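Cβ: placed from backbone, ideal geometry, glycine included. Neighbour counts: every protein chain shown. What is reported rests on the model, the rules as stated and the sources as named; no laboratory instrument gave them.
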Amino acid sequence: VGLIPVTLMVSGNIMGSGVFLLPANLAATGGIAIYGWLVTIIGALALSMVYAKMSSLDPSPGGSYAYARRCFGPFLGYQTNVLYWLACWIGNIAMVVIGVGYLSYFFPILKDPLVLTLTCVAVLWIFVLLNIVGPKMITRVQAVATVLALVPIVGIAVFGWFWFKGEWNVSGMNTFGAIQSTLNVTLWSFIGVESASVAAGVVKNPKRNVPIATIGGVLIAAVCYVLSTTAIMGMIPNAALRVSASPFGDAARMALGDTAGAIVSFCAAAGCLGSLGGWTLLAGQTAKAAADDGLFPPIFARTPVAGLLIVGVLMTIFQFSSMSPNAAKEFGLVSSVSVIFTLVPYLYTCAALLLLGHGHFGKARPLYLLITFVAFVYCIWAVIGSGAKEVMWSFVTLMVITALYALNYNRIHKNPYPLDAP
Amino acid sequence: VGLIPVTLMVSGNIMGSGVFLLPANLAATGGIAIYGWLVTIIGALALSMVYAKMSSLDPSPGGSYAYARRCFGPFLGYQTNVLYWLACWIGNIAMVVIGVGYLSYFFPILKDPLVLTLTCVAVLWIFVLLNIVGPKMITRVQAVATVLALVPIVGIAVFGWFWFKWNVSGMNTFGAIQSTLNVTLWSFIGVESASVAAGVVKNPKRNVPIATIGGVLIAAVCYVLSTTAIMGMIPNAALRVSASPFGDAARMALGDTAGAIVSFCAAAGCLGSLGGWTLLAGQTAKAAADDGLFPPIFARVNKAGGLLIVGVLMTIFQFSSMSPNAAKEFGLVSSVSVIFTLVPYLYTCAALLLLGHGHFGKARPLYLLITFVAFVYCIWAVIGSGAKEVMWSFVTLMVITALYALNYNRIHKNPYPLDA
Amino acid sequence: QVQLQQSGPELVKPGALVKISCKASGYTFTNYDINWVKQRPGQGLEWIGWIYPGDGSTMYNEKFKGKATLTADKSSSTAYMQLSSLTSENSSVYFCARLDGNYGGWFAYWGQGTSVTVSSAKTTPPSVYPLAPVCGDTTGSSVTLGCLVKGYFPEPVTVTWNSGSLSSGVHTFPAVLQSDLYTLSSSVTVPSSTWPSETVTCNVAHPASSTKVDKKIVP
Amino acid sequence: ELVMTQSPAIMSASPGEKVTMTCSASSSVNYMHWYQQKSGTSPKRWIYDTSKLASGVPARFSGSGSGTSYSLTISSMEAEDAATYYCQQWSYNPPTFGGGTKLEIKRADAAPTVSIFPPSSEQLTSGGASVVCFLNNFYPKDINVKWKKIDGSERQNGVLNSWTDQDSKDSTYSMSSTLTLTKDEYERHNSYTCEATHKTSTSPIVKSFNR
């Protein structure tokens, strides 16, 4: 509530790494990389459409999870919840490290292990508290931090004056196999949608504001990306093998003049902590939506949510079991698996806008039937282009979820179609 | 129909590689390997229980797929069908290669590429025809071939006289047994043969649950009374079999001389399981077809199985793997389908709980535990299976889902629907 | 709001079959199932089966055959036949019903109900007789005047006092058949000063033989 | 084949009294559903998922139970509450309903207000004769007539009784006894009496008429 603070969240929850994204992508060239932002933005825009439409037909508590529930039943709803709930706070631990690693990286306040681990846990509860007492208040905070974090990116254009960069300086491979290696970066840079969908229930004035923020935030972060990754791969820190090594930041203050004292990392650190609260917000939301139904422990619904702390207690437990102990083999990899979890809800939501809203089409049916087919292929490629290892455990999680469900809802479950009786 | 020909199928569809299994497992030792057959047989027996019970409460067309349908709805039923249907015939192409590769390997009739590829396609339709006109006739064939194939294994015990053979890669006893499961967990992908065989099978609700436990307990004895009767003492030490595929090695340290009649029947015990799987292929296809899920053609007039659509595909995917250059990508697929088979296994367990939570006894905790083992069983099997493979199993679910929401858009029955 | 309403008719002859309909509105006909239940004379209700306007249908075992659930997407209604009807299988008003979802497991919307008589007795018009009070007047406080209606086999009848304006102190009694003919009675109570003046007329209606006869009560 | 067998069959309660009807079950089920059917009309959703109240259902109602024993209850009874409640299940196949629990309102016993009527003109002018007797507004339901009475002799066959359910505005009962015969028998005799032995009085309240 209302619209303008939400449209910033939908975009903010995407750009928790918009400032650093460029260099990591410049490795696989940056000239024929823009020749790849299309495939990404097109597919990603198709997803923003689906969620925008699905939310206009049903402003839910809600999902995602909600849409999944209706579409496929209780099982896949319950499942959609867990996966997404985990991806929310498990994805948060990597955001504090990098978040704080932007404040104490340029001063440099403090750096050592047991020193940074405490200020992260500290700032975590700093946002866990803002959520448990101010849905409007937390949306204010993010709205503030995301605008600050945008100052640089929006300030970068300001184009003068690009200089023919490496164009296609990526590893020797056909233009097709070259763009494929660029998607491994761009496809995952739009895991910010559905922020309004689950934000519904709150958000207020939904059915309109949500679908608007869903397309707004995306079209905002879509411009930022292609009007930032271009305004740097030409001409500030070229050639490719100049940024390909060092993390961007102070490199934007030489080839057009800013001096420094770099005030860049001072706000690009808030644009990572501002997205902290937003995700914990969603965490408790999907948890409540589920809790309010026969699926997922009741405590997560108790006026915002009181069990918002169970997320905080866990985020801290999984903060210590990754920083202090040396390995870390498990804490380290788990943080990347949760990212794939986020793709399962994305999937079903599409299947939902079809299976459910096959009536409210227009019938501009083929047009809708196609947009959902793109968003489908989008999510599919994202998965494929993601090192085997990671995916393997996403699967094993489904494996567990399933068993975990049939062992907790044994009799509470409503079977279609049931047995006979004798 | 009736029982005795089916109990042999449930076991036959497990031992399509029971004769070769030993050596591949001897690599990771064979002494502390028996100290691993327990974990396997226990978990695998737990699965045979679930299916035996689930089928006694509902003799279905059927699944698996069927149980999955009731349990979770139409979507997961439809999905359970595809995955299992594919795993049936995609798993068949590797059975003809190895099957024929047991006849023309010891004579040796013929060996070359475009020569073996033709006799496989030939023997494929040889079983595709036996199925499209004789469910009893095909069960006769397998019943015959599986008994023949058992002659060696059952004849191996005959124990005299074992000789003291953990020679696996340096690793704690726990990490040593884990590497043994990568062989044993997957050696029991033969269950649920009777469950899907229901509808046919006749006299079900009893015969099926009996064959489900019978076949397993039969192939469970064969394994542990064969892998032991060889890792002691015929071809030891470990690094004697660890290199060469067993077969003629069982005719020196106790047995008769040349002319090995072993590979002559152990080739039929691989072709006899050919028809059985195509049988199930058309069965799960029909069961699904007979419901709103899966193309209608797979259910027709003739009182048996569109059983040819499977044959047409098995041939297309036979050529696109032997004659053609590449040629590896379409070879990985043959191993992915194996994991597909684990998804039905999963839901079936979830079913015997979610559905049959009444007919328990209530010996509830006892049932509630058996299903928990079979659960963990299927879970480990998946984990202990090189990332790559699993990744594409997931991508298949990805596709299946989209494939469904794009074909049953309006036919789908939504719980709970929208509004106005 | 869901409507899901059906048809009043009709009488049947043992052996022959009936086809009842249930036209649904307020929701999309093809999103849910359509159920049928059979409730014997003020007794327990017996489920019959559902039907998906999308395609197929499930039917209660007990009543194997003897009925086929059909439907047309177009008219947004769903037919329902009773195959080999017999004298005793007579409704037992038949109800159509839609769950609130689907799947499982409780009916949120019911049809108004369809009464079905399966007898070979011939349809007969009623015989409305105004009942005359009471022998002698200047009597008590208020007067009770009746309205008999004997002789007919088509079940549904509609007795009314003053077109439904005099609906107080009226007691209409359930019909009874002594021999393939239902006979019914009804009463109405009004002050002693009311009836003599105004006219209390009982508008008996019987559509099954299309016989509307509205007698009036006079001393 | 999962039997519901709910009890009591019929019961009555005064306004303000606590009512409690149960529902046994052949074998264990999860969830039971309750509907409220008033006078033959189409049932109404009342209790779904064992303890969920429907849209309009008042707080006064509540459901509970598990396995084989479920039960519907009401803190304070009300006139409206009067009806038949049906427990039903869908936990197995087929779905089934209970025998029903018939709840009636309790009111102060009242004596009949008997009226008697003659064969109307257009009945004797068609070859028939019927004497009507209206025993109205009484409680409890249990009442017996008196086999009419013609010239002291009370006829037995030709008697046709039909009973009102239970008036919704006072909670009393009504009863209609009508004696049909030939045009001949109605002029043959001349002393007609229909009595009423309702247990509010040990002495029959009688009405008679002569031609």
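Quick check: is even one residue across the range B:342-360 surrounded by 16 or more Cβ atoms within 10 Å (Cβ to Cβ), facing another protein chain (nearest Cβ under 8 Å) and of a type in the set (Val, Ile, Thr)?
No, the range B:342-360 has no match at all.
When the residues of the range C:1-37 are narrowed to those that are part of a loop (DSSP other than H, G, I, E, B) and hydroxyl-bearing (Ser, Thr, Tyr), which ends up nearest to C:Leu83 (Cα to Cα)?
C:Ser7
So which of C:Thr123, C:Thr87, C:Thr69 is among the β-branched types (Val, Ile, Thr) and surrounded by 18 or more Cβ atoms within 10 Å (Cβ to Cβ)?
Among C:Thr123, C:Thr87, C:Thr69, only C:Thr69 is among the β-branched types (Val, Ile, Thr) and surrounded by 18 or more Cβ atoms within 10 Å (Cβ to Cβ).
Look at D:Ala13 and say whether it is farther than 27 Å from B:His357 by Cβ, of a type in the set (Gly, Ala, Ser), surrounded by 15 or more Cβ atoms within 10 Å (Cβ to Cβ) and not assigned by CATH to the domain that holds D:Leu179.
It is true that D:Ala13 is farther than 27 Å from B:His357 by Cβ, of a type in the set (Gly, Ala, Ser), surrounded by 15 or more Cβ atoms within 10 Å (Cβ to Cβ) and not assigned by CATH to the domain that holds D:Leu179.
Which of the residues spanning the range C:124-159 are closer than 19 Å to C:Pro196 by Cα and in a loop (DSSP other than H, G, I, E, B)?
C:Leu131, C:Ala132, C:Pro133, C:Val134, C:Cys135, C:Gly136, C:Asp137, C:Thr138, C:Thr139, C:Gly140, C:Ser141
If you check B:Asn414, B:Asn409, B:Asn325, which single one turns out to be more than 7 Å from chain A (Cβ to nearest Cβ) and in a loop (DSSP other than H, G, I, E, B)?
B:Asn325
With (1) of a type outside the set (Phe, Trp, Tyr); (2) farther than 30 Å from C:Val190 by Cα; (3) in a strand (DSSP E or B); (4) more than 10 Å from chain D (Cβ to nearest Cβ) as the list, and C:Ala97 as the residue in question, which single condition is left unmet?
Of (1) of a type outside the set (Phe, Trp, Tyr); (2) farther than 30 Å from C:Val190 by Cα; (3) in a strand (DSSP E or B); (4) more than 10 Å from chain D (Cβ to nearest Cβ), only one is false for C:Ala97: (4).
Please enumerate the residues belonging to the range C:34-65 that are surrounded by 16 or more Cβ atoms within 10 Å (Cβ to Cβ), more than 8 Å from every other protein chain (Cβ to nearest Cβ) and closer than 23 Å to B:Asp290 by Cα.
The answer is C:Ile34, C:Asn35, C:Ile48, C:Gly49, C:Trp50, C:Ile51, C:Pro53, C:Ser57, C:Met59, C:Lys63.
Out of the residues in the range D:8-50 that are among the charged types (D, E, K, R) and more than 9 Å from chain C (Cβ to nearest Cβ), which is nearest to D:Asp167 (Cα to Cα)?
The extreme case among them is D:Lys38.
Considering every residue within the range C:152-164, establish whether at least one is among the small types (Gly, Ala, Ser) and either within 13 Å of chain D (Cβ to nearest Cβ) or under 30 Å from C:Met81 (Cα atoms) (or both).
Looking through the range C:152-164, none of the residues is among the small types (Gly, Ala, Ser) and either within 13 Å of chain D (Cβ to nearest Cβ) or under 30 Å from C:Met81 (Cα atoms) (or both).
From A:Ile138, A:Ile93, grab the single residue that is within 15 Å of A:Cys272 (Cα to Cα), touching a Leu at 6+ places or on another chain (Cβ under 6 Å) and not charged (D, E, K, R).
A:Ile138
Here is a list: B:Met49, B:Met9. Which entry is out of contact with any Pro (no Cβ under 7 Å at 6 or more places or on another chain), within 24 Å of B:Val224 (Cβ to Cβ), among the hydrophobic types (A, V, I, L, M, F, W, C) and surrounded by fewer than 24 Cβ atoms within 10 Å (Cβ to Cβ)?
Criteria check complete, one pass: B:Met49.
With the checklist (1) within 14 Å of chain B (Cβ to nearest Cβ); (2) within 19 Å of the chain's Cα centre (by Cα) in hand, flag the one item C:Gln82 doesn't pass.
(1)
Since A:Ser17 meets every condition but one in (1) within 14 Å of chain B (Cβ to nearest Cβ); (2) part of a loop (DSSP other than H, G, I, E, B), which condition does it not meet?
A:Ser17 satisfies every listed condition except (1).
If I go through the range D:164-196 residue by residue, how many of them are under 25 Å from the mean Cα position of the chain (by Cα) and away from every other protein chain (no Cβ under 12 Å)?
Residues flagged as under 25 Å from the mean Cα position of the chain (by Cα) and away from every other protein chain (no Cβ under 12 Å) within the range D:164-196 amount to 4.
To keep it simple, each residue is scored yes or no on (1) aromatic (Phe, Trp, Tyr); (2) in contact with a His (Cβ under 6 Å, 6 or more places away or on another chain); (3) surrounded by fewer than 18 Cβ atoms within 10 Å (Cβ to Cβ).
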| position | (1), (2), (3) |
| --- | --- |
| A:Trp393 | yes, no, no |
| A:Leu407 | no, no, yes |
| A:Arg411 | no, yes, yes |
| A:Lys414 | no, no, no |
| A:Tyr417 | yes, no, yes |
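Condition first: among the hydrophobic types (A, V, I, L, M, F, W, C), within 9 Å of chain D (Cβ to nearest Cβ) and outside any loop (DSSP other than H, G, I, E, B). Can you find one or more residues in the range C:101-108 that meet it?
Yes; the residues of the range C:101-108 include at least one that is among the hydrophobic types (A, V, I, L, M, F, W, C), within 9 Å of chain D (Cβ to nearest Cβ) and outside any loop (DSSP other than H, G, I, E, B).
Just one of the numbered conditions (1) farther than 13 Å from D:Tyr35 by Cα; (2) surrounded by fewer than 21 Cβ atoms within 10 Å (Cβ to Cβ) is not true of D:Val114; which one?
(2)
Might you let me know whether the range D:82-100 holds any residue that is in a strand (DSSP E or B) and not assigned by CATH to the domain that holds D:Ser51?
No, every residue in the range D:82-100 fails to be in a strand (DSSP E or B) and not assigned by CATH to the domain that holds D:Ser51.
Where in the range A:173-254 are the helices (runs of 4 or more DSSP H), entirely inside, with at least 3 residues that are of a type outside the set (A, V, I, L, M, F, W, C), surrounded by fewer than 22 Cβ atoms within 10 Å (Cβ to Cβ) and out of contact with any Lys or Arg (no Cβ under 8 Å at 6 or more places or on another chain)?
A:175-186
State whether one or more residues within the range B:373-385 are within 30 Å of A:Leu369 (Cα to Cα), out of contact with any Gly (no Cβ under 8 Å at 6 or more places or on another chain) and facing chain A (nearest Cβ under 9 Å).
Within the range B:373-385, none of the residues are within 30 Å of A:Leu369 (Cα to Cα), out of contact with any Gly (no Cβ under 8 Å at 6 or more places or on another chain) and facing chain A (nearest Cβ under 9 Å).
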